[PDB]
């Protein structure tokens, strides 16, 4: 056999990000009190990349109602770094089940690169029934 130059090139040119953090803990979440945890992503690849949080399995939205990512999609030039905020806000739609306990402060976000890999971010923590 011989050197797989084509494979080396194609792998090197696949979309890629570096994430500053993948595990998020929201301690003592309260009713109608906003908490934010930020992290950074950089395009450490050789090609521009489109990123977006996407629904998991057969879900309608990319995350639970009490959670948002901002921005939740975008386009990054190679070597470009942006901050993303994970925002937790429990309204009266989420409380019934958070006080009941058939839902807790847990979620997983799937960040997808177009034509590329996915990164998983894990959210944990606790709610204090107001």
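Positions refer to the first chain, counted from 1.
Please work out which of 76 to 84 and 26 to 34 has the higher mean CA B-factor as recorded in the PDB entry.
-> Averaging CA B-factors over each stretch, the winner is 26 to 34.
So which stretch wins on mean C-alpha B-factor, 7 to 15 or 103 to 111?
-> The deposited B-factors put 103 to 111 ahead on the C-alpha mean.
Based on the PDB record, which member of 49, 69, 41, 95 exhibits the highest Cα temperature factor?
-> In this record, 95 carries the highest C-alpha B-factor of the candidates.
Chain third (lowest, middle, highest) by recorded CA B-factor, residue given as residue 57 | For residue 57, the deposited C-alpha B-factor lands in the middle third.
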